[PDB]
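Same chain, two forms, each on its own as structure tokens: structure 1, then structure 2.
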Structure 1
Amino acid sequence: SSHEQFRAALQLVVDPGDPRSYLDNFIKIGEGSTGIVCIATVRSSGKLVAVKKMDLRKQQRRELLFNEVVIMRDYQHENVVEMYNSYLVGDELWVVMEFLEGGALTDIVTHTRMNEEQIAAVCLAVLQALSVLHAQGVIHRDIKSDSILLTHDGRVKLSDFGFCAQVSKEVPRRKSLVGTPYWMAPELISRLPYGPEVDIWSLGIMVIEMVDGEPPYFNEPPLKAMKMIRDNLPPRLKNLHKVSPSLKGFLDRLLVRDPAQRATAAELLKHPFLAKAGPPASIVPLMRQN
């Protein structure tokens, strides 16, 4: 479809106006696959917000931009990034949301070592959001540490909904190849129909991230790693001696090769590993204070 068709379709989902009329002090802070992320100040209030800016022309699959708006429009939740408004600015989609000042989880996993209290806090938050989203039928499809945002007081929120799909009683499975390689479930790689089970697989890879510091097969080129995930028996931990049988059994319920035997989010919410889950105050001493 032509650029003006997608532009018009966006003009019907987004809010009217030019947000440049009330945002100043833009500070680039990162890139995603979909665009860039800035800090800005609101002149009306002094409050800081994050603004995600996505170029319509620079988009492989333009139709995924609707997700950037629709998820956070309909899925307010204590463990989900909260959106305020979305706007169409020239040929860029802009999404204005809260500023989560504790950065992404990736900064913590590559630069510190988390205890099981902290791992459990992150997994509890992610699972709560995933059970709300899976219930009403949404698949995130890009679960990883880069998609997890924190605050100075250890609140954990799920982000980067650019890649979501929605499954229904009509179309129940889902066939497209999206997500980050090393974190992809194997049924997704061999390109069979899949459901929310993929998020659960990817959460398991995130746990390896929190334990070993990187996902399985991170040494290899992407394509090798994917075929590895399809052929191999599942990935065998490095720091296995640091992990309790609690975490070990949890993780074993995450990385089941067959998605029918793999635990649902709402099943994992009751696993005893999550009892270890420290409060928000437990994820303060590992951002930028060590």
Structure 2
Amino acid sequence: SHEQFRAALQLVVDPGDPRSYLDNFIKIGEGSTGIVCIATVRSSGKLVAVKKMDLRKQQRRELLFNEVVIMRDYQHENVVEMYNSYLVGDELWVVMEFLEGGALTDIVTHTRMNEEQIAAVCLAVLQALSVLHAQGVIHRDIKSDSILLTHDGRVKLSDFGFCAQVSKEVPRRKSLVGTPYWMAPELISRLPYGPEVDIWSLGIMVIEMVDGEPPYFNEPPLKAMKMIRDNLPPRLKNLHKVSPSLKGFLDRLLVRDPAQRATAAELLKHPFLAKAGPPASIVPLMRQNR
């Protein structure tokens, strides 16, 4: 069965060995699927990001197929570009664009963002989601961990391991995926859901940028999901540090009824996003500038 999956994925990925032009690998991250390394292009000296995933060490396994198939040619400014994919031994390697700024998680847990920087993040994410949702792609794992920055402060979306597709024939998904604290109520309740679950998850990420952590973060994962499922929409601990414009924006995000929840296209015109500053305003938040 292992060799059967190697042959199939082989027909999808690009032929050859990336080690022939890549040099000096070094781990900078690790996810549920695999590890992430910085590699140097031997010919030029430019840096890229490589995602190594051992085939005989995964659960669903077919989600490795998901990221590669769905995002093989996808191009967007606010989405981490996937250059090439290779089958190296028993591992799936994916060469992606390298975002030197690192993850947003390092920022929300060490420093505090102003509403200018928060709006800039939400604007970039909503720009990516609006295009993704329009083409029927749902991320289903939106959180500060999945958000990366460039060295000049541009925000991009990554980690499409849990992504899925919807259409006219099949408008709803049913799978239970994502990270517990960022999951939408209708997703936990095992109800047929759509792209609206990304909007809720984005609402939780706003709480991250304000409070530093998602709601019920101290509670066990299984316990927290029950709370999201049963209780009213989670509120900000630091509501007093939040302008009424951000509050109203958040109230359009954290709606239990998915039909009442605002879409990515609607939120792009929300008055709060008019406070979004340039990418240069996010630069002082990064670790090398503190």
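Rigid core (definition): largest C-alpha set, two forms, superposition within 1.5 Å. For residue numbers, the reference is structure 1: its sequence is counted from 1.
- Among the candidates 72, 125, 164, 104, the CA atom that moves 2 angstroms or more between structures 1 and 2 after core superposition belongs to 72 alone.
- Fit the two forms on the rigid core and the C-alpha of residue 152 turns out 1.9 Å off between structures 1 and 2.
- The shift recorded for the CA atom of residue 281 between structures 1 and 2 is 0.6 Å, with superposition on the rigid core.
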